[PDB]
Amino acid sequence: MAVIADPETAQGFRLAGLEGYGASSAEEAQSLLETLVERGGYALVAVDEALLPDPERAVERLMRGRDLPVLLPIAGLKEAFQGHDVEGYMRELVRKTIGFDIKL
Amino acid sequence: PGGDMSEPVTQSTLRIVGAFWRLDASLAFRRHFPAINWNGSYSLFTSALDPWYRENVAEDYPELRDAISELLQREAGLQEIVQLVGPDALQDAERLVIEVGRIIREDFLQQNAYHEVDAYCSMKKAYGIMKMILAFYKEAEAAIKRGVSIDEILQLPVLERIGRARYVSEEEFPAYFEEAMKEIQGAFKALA
Amino acid sequence: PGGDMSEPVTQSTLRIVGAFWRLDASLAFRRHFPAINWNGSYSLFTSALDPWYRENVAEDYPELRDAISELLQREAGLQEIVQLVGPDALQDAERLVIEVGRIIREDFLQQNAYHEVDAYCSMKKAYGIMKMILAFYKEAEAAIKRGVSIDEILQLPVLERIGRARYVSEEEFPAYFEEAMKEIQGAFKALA
Amino acid sequence: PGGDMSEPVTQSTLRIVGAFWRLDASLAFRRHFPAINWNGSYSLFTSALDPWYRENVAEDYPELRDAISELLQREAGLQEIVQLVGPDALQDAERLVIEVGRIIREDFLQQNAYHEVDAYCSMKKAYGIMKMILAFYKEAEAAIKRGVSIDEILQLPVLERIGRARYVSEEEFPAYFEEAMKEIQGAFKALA
Amino acid sequence: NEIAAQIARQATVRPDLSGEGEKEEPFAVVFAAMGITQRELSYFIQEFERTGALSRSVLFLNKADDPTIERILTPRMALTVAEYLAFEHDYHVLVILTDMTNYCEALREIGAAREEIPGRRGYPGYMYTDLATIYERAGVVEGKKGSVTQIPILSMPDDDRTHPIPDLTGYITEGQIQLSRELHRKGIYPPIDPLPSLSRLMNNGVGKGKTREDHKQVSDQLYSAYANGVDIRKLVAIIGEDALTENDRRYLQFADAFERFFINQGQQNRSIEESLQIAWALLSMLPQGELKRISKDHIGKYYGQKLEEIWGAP
Amino acid sequence: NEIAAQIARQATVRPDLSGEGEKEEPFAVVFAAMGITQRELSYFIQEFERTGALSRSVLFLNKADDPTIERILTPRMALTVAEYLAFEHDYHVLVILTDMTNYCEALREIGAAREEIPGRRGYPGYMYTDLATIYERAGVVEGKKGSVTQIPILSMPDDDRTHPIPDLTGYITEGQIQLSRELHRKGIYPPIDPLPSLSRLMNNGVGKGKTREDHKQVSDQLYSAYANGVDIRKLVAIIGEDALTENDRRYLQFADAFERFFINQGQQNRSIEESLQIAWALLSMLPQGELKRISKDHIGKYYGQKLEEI
Amino acid sequence: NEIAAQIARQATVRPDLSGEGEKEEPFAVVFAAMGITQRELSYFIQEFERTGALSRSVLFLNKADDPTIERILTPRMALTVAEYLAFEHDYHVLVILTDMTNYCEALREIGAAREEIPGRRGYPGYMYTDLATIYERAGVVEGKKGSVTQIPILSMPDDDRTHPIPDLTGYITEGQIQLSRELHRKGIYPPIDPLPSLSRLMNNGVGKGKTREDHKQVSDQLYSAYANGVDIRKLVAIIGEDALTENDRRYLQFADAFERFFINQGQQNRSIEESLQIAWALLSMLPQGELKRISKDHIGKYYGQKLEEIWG
Amino acid sequence: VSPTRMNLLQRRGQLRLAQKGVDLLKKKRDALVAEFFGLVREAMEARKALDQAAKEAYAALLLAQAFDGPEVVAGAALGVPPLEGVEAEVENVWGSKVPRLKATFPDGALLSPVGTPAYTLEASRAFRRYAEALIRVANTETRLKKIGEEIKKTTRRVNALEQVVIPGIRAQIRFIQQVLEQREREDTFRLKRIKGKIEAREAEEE
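What counts, and at which threshold
Residues numbered from 1 in each chain as written, not as in the entry; some residues may be left out. Chains lettered and ligands numbered in written order. Part of a larger assembly, values for the part shown. Heavy atoms only, no water. UniProt positions renumbered as here; feature names shortened; annotations may be inferred. Patch = residues over 30% accessible without salt bridge, like charges linked within 9 Å, V, L, I, M, F, W, Y side chains within 5 Å. Areas by Shrake-Rupley, 256 points an atom, 1.4 Å probe, with all protein chains shown as cover. Salt bridge = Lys/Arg side-chain N within 4 Å of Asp/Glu carboxyl O. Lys, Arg positive; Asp, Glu negative; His and termini not counted. Charge placed at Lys NZ, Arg CZ, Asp CG, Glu CD. Helix = DSSP H or I, 4+ residues; strand = E, 2+ residues; numbered from the N terminus. Contact = heavy atoms within 4.5 Å. Buried area = accessible area lost by both parts, 1.4 Å probe. Polar contact = N/O pair within 3.5 Å; in protein donor to acceptor, adjacent residues only side chain to side chain. Nonpolar A, V, L, I, M, F, W, Y, C, P; charged D, E, K, R; others polar. Expected span 1.5 Å × (residues − 1). Pairing = 2+ DSSP bridges. Right-handed = clockwise from strand over helix to strand, strands pointing away. Buried < 20%, exposed > 50% of the residue type's maximum accessible area, 1.4 Å probe, protein only. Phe/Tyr/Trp six-rings, centres within 6.5 Å; stacked < 30°, edge-to-face > 60°. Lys NZ or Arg CZ within 6 Å of the ring centre and 35° of its normal.

Looking at the PDB entry, one finds chain G named V-type ATP synthase beta chain, with Thermus thermophilus HB8 as its source organism. Note on chain G: under the UniProt heading Function, the record states "Produces ATP from ADP in the presence of a proton gradient across the membrane. The V-type beta chain is a regulatory subunit." According to its UniProt record, chain G has this under Sequence similarities: "Belongs to the ATPase alpha/beta chains family."

Per the PDB entry, the recorded name for chain B is V-type ATP synthase alpha chain, and the organism is Thermus thermophilus HB8.

Q: Talk me through a negative patch on the surface; I want residue IDs and the actual numbers.
A: Together, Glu-56 and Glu-60 of chain A, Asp-88 of chain C together with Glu-241 and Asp-242 of chain F make up a negatively charged patch on the protein surface. Mapping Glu-56 of chain A onto the fold places it in helix 3 (residues 56–59).

Q: Lay out the interface of chain H and chain E in plain terms, naming residues and giving numbers.
A: Counting from both sides, the interface comprises 13 residues of chain H and, opposite them, 13 residues of chain E. Both sides of the chain H and chain E interface together cover about 1,200 Å² of buried area, and 70% of this is carbon and sulfur. For the pair chain H and chain E, the interface holds zero salt bridges. Between chain H and chain E we count two residue pairs in polar contact in total.

Q: Quick rundown of the side chain of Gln-150 of chain G? Include the residues and the values.
A: Within the secondary structure, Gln-150 of chain G sits in strand 5 (residues 147–152). Excluding anything up to four places from it in sequence, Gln-150 of chain G contacts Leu-79, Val-95, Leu-97, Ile-134, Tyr-135, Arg-137 and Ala-138 of chain G.

Q: So, the interface of chain A and chain H: which residues are in play, and what are the values?
A: Taken together, the contacts link 40 residues of chain A with 44 residues of chain H. Between chain A and chain H lies a buried interface of about 3,800 Å² when both sides are counted; carbon and sulfur atoms form 71% of it. For chain A, the biggest contributors to the area lost against chain H are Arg-14, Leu-15 and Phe-81 of chain A; these three give 17% of the whole. For the pair chain A and chain H, the interface holds one salt bridge. Its salt-bridge partner being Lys-48 of chain H, residue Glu-87 of chain A comes within 2.4 Å of it at the nearest N-O pair. Here chain A is connected to chain H by 10 residue pairs in polar contact. The element best represented in the side of chain A that touches chain H is helix 5 (residues 86–98) of chain A, accounting for nine residues. Each residue belonging to the side of chain A that touches chain H can be placed in one class, and the counts come to 26 nonpolar, eight polar and six charged.

Q: Tell me about helix 5 (residues 92–109) of chain C, and please be specific about residues and values.
A: Structural remark: α-helix, 3.6 residues per turn; residues separated by three or four positions point the same way. End to end, helix 5 of chain C covers 24 Å across 18 residues, agreeing with the expected 26 Å (1.5 Å per residue, within 8%). The inward-facing, buried residues of helix 5 of chain C abut helix 4 (61–85), helix 6 (123–145), helix 7 (150–153) and helix 8 (157–164) of chain C.

Q: Which residues make up the pairing of strand 2 (residues 57–63) of chain E, and what are the values?
A: Residues and elements named next belong to chain E. Both strand 1 (residues 27–36) and strand 2 contribute to a ladder of six bridges, which runs parallel. Looking at strand 2, one finds that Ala-32 is bridged to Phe-60. After leaving strand 1, the chain enters helix 2 (residues 38–50) and then returns to the sheet as strand 2, a path that is right-handed.

Q: Got a sec to walk through the pattern of salt bridges? Specific residues and values, please.
A: All chains considered together, the criterion is met by 96 salt bridges over all chains. Across the salt bridge formed by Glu-63 of chain D and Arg-54 of chain D, the nearest N and O atoms sit 3.4 Å from each other. Here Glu-63 of chain D falls in the partly exposed class, since its relative accessible area comes to 43%. We classify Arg-54 of chain D as partly exposed; its relative accessible area is 29%. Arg-76 of chain E is paired through a salt bridge with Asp-130 of chain E; the nearest N and O atoms lie 2.6 Å apart. Separated by 54 residues along the polypeptide, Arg-76 of chain E in helix 3 (residues 68–89) and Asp-130 of chain E in helix 5 (residues 127–135) bring together distant segments of the chain. In this structure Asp-130 of chain E comes out as buried when scored by relative accessible area, which is 13%.

Q: An account of the arrangement of the chains is needed here, citing residue identities and associated values.
A: Take the 14 pairs of chains in contact: the one carrying the most contacts is chains A and H. Between chain B and chain C there is no contact, and the shortest C-alpha to C-alpha distance separating them is 19 Å. Chain G makes no contact with chain F, the minimum C-alpha separation between the two being 14 Å.

Q: For the packing of aromatic side chains, give the residues involved together with the corresponding values.
A: One pass over the structure, following the stated rule, counts 48 aromatic pairs over all chains. With a centroid separation of 5.8 Å and an interplanar angle of 65°, the aromatic rings of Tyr-43 of chain F and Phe-44 of chain F are classed as edge-to-face. Looking at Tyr-43 of chain F, the relative accessible area reads 28%, which means it is partly exposed. Members of the aromatic cluster, each reached through a chain of ring pairs, are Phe-13 and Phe-81 of chain A together with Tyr-58, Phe-127 and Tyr-130 of chain H. Above the ring of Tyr-223 of chain F, the side-chain terminus of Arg-31 of chain C is found at 3.4 Å from the ring centroid.

Listed below in structure tokens is the structure:
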């Protein structure tokens, strides 16, 4: 697996045994993670929501080929302590995948 | 023959009569009576009859009727999403409007022709039932804006009064309607 | 009567005539004119006129006409899939075929009879228009095969030039055709 | 005229014949013969002929015939789901039923009138083929409940024996039938 | 024909259940067959002879090769006999017309013979009136203890309900019993499909003082449960039985047992009490409380019967 | 009937735009009713007397209980009167034939009585010529300043445009104004669906010197945009909203505001300038290359996105 | 008309395959035209001049501007000449009736003028017998070397196979060669779809000792595989192409290549051996176990060849 | 299509089958929606657990980097194997396979677990628990996305059927009915004509 949220989380995952590449960059991180995706020795890539609210742009290159890796938002160094909006994120995901705004 | 309204006699009748009390096959199968399809039915005498209803029934009767029609149209339009997701998972005032439409179609449009006091209904009785329904709807809308749980509103003791109102005889309807209005006014105010 | 081609007069006429210019009501409702249904239409004089075309308009005119017809056939075949599933589920090449078919339909097949210039179109002008369309299609295919996104291609002003080519007067047309071919080449050579 | 079974001659024939062997043009187009439309065919002599079948063919022949008819009915009743959502969308049991119906259609109903051996088929040979098909279906269902997938069931070598059983000569048939039954039981018991 | 013969040799009245206890009701069956073959004629003769039902029945057998005017006149004579018996000797008469399609075809042929312009679908324009004159010669009369009941069997020409014959029959008659081809080809006999079948006069003929008190609610619950069961049976093909809830699986079991035991009764002459017992045994498979169509008293005093009291399968 | 009455009471000449600057004999309104009911007759009488158009109108009324042949002679009387007025007194006559379906059914009854050869659905085979002898009487004549304008009303049976009556009427007339049940269910009045409606003679009476602000190209581009929007809406009803290109969103805003303001005008009387300025307001963007139907010169001159009251 | 001209100029027997050495002279052609247009007549005349078949052709031409009632006699005279030649001079006569729809229209006109009781769509009730008296005049007679082969041409009005004219023709004639408009729109010539086509006398002239032992089994296998491909096309028209299994994709590929190569041949003349080789190449696109209608010996003898090996 | 009575009956049967299929697909969609809501609840629980694990693991990392030097923490993290090649099991759900992530995670006695820093091992254990929570969350979310895709596909099928298939079949049915009725009307006219001729020839000429 791999994490590209921020250098703090990258170092933490490197300690746990999950290599990380770089810091939070709104431009070069997409290319870096795509170059990482170019090879298939894992199954997951994790990004904080602040850098990338949705990985749909990255996964648009994966539905055609190598759908095995999973792109999902995670919690960064500070917003984790702040408190991630579980209900809001789940409601947004449900409204996106269904097309209707419903109560969870 | 097969319930198809394209039959020539049905088409010829449509072009001359001013009213059309369509009966639903689904409502008849679902044991809903008088099974009048208010979605497909229509009447061309409403406008010419309001300047009599507002004098003989009540001054506010046409507006109350229009509000009832609006609620029915809203819940009919919301049927598409409520049948998919489910009544429980529906959110905010949508659940309230669905429940109000159910209350209407079960306590004001439902009629048993073989019942001794439910086969006949006066204009005053229908107007009072409509007033009770709208009062409940607006009070529950205020409660929802106040943050009250929908299920708490649905578990109020008013619903039995609303359901029994259609079985109240005309000789006893005034007092029953008055006490039901008192109960509706007091139920939400007790929570508030 | 009612657009029914099975009626005796149309069927009797079909057995003798050598060309069948079938009009479609759907195109007329959308005001896509002349509203010729190119799927249901046919002509038995296409093969006999080829020697005249190769000497009077262009030596490769039949090839261009066949290419345009093949593109229209592919677009018609893919349009059912696009409508049933959704344009976002198709491949880039399939979307390019759909876009080229739409461009053909709205820029070459369409013709305003009440326009002071578009009313009449010589064989040379139509040949130039379809040559430009085919050149743009080839360039777009080459760009897509080298990683260029389709949505970037659809924003080129060369597409607008091709679309408005049919409104150019006959005496002005050759210079416009040369400049539009140069721009077609440039819009993808500059991109590299 | 034109295959219209509603024409007066066919309808008048329906009311007086005891058997009705309806032919299907779709089967004839596929070159599948005798091309008898099983769904549209019937016979009123089945009940009266049961004692003769028990005495002359086998004591359990009517049961096997009814089992075959029920399997065909199940396949027909699943074909609507097949044409609605596709064959892969069905469960393993339902897909097994579909495949057993296909096997029946290809190996028992189908009969080449011009083949030197398949042109004629005695009652014993048909009974043996039906018994083989029923045993294979029961053991395949047991394997399906055993967790065995349908795709390796559909490639068992005994399917070739079942398919080629109808080309075996009448005098050589019984040995082929008994060895085929042994192969049918082995190909499912031995795998476990 | 098998169902018609079984009804003819099994139908009877139940004065004990009516509360009268008179036992003085004579029962007769007038059997009219129009345009039947020699096979059907022999089958009917043997069926009436072997079971003794001939001694209480009058038969009007007309063959397919007989004159068509005799086919026209056969229902008239049968109904004249039935009316005479019922309204002059207080007989409870059940009239069975084997095939009204043959009668309609004969009427069409004769109308064509009189140089009469046919109406819709080539059938005579007065077919509705003639069918009404046949059917309405049945009922009960004030001051008369007799009765006339009609069960006109007719086969739809192409299994089509929009054909003139079944359409006019539905116009004139009160309900219909619809035989199912799917049930027939699955080995179920009689192949009567409950879902499209309907008796429009059933409500006024049942209830306390007739049959048993739980008749109507049991029928409603059976209909609803069977419809739900067949729906879930269609759905289990795509989603599987593991994705079903407990209620869905119980409804599937109920539908299977219903088709095996209630409909597929074979040649048994089940009494109404036996039929109600079988229905309650079938409903016992469903969990108590799912019987929302049945009042709590009938559930309390009838639910819980174990099904093995009747084998069901012939 | 409501739309017919509104047109009758609101039809005006408006010579100021074209160029003539004088007033002719104002519109006269010949009104023929065939198989009308008492309710519709009372509504028409009340609407006409409320506006005070009786002095400006002639009413021929054949009721549902009247003899059938009077129903077929009613339009001939009405058109004879209209032709007399227009071509002998220079009036500008507007003819309103209500419920031509009743006329066609009376014609079918008469033809079947005369044992004629049946047509497509039992109607006489000469129904085309019979309807032509009525519709073709309208028009204008060189050397005469009068005019006859026909606005027939017919109810399509089961909303089938392929029915013999609407089919023959479309074959004879110069277009049609087709009402849609979809817009009526939305509460939109008048429920006129532009897409299946057509006016053949529109080009002769619009343009420079007739209607300045680029009438032809604006109408064509509105038609194309509405057709694309309807196709997109049909796609949405099957495949959920996915193509959020921020331009297709503006075009759904186009469709919604179109149906809510351009068509849902209600009982108010709108002049040409208001409708034609709302038309551009629906486009909502000045330099759209997608507006290939409208010329660049006209887009530039008649300012794209000129104003928005909304 | 193009297909008929191609057949007329390409038809020949194969005495070498049948173990015979008569080397019979080419077919004599009797061409009967009922209401033919100038375009079709000119095309037929040009083709017959190019192939040199006019010297042995008898032409009965009733043009579209000619009187319509002469179409009643035209096929009768053409078939009288054909029967005379074949059964009194040992000629092998091929008869082409270029438009039987015009003949049926003339028959309907005559019947309606007589107030005859009509069949379906106003055609006379005796139309079946009238068409039979024309069609049944072909065949081969014992003890005579001559023969009459009929190839009538008729246009189903709305491509309607259930129209009375094609229905009666199919009931009388020994099969039919149906053209496909959907195949024609693809640029495939000849646009013959084999599924509705039929030859009742095919099994009499094919098999071991006549053409080849594998002919009938190859034909049956091709029919089954093409029907399967059509069914898979219908399936992917609903459920989508990407959701298929492997064998369904193989069947679609077989159907596509079949339409592109076996049906679509243009104006080239194909020997029966070449056609069998192409058919086996198409059948080789399918696994050996799926060829249930072909014997093991024939599969072992012929299975394996690829499409690219037939031609460079 | 050829207008015949048999074809009309076939079209009526096709319409009935289409309606039954629409109802069946609606029932399947209801079951899929129930499953979707169950997975949404489980996803919410997993997301809350993941957020709690993230909080505790980040707190442990900050404590380790405050008590022990960041450079020695980076050096310790350097010696940890990448643990790549995580298993991706394909699980069948509602008619197709989806990848499920189940990490073997063969660290055991992980290389260089203790050394100069002390709190670093606790933060490493917290981050391993965080990674376990992350793989659980991803395993839930992939199934949720697939269920949503299936629901969208079923909704598209239902809309396509009841908006283009049923109306087209009904239009074909009404067209065939009109053609058949026209044919029978023509037959009635012909019968009237021939009856008139018969009566004229029988009466006028005796």
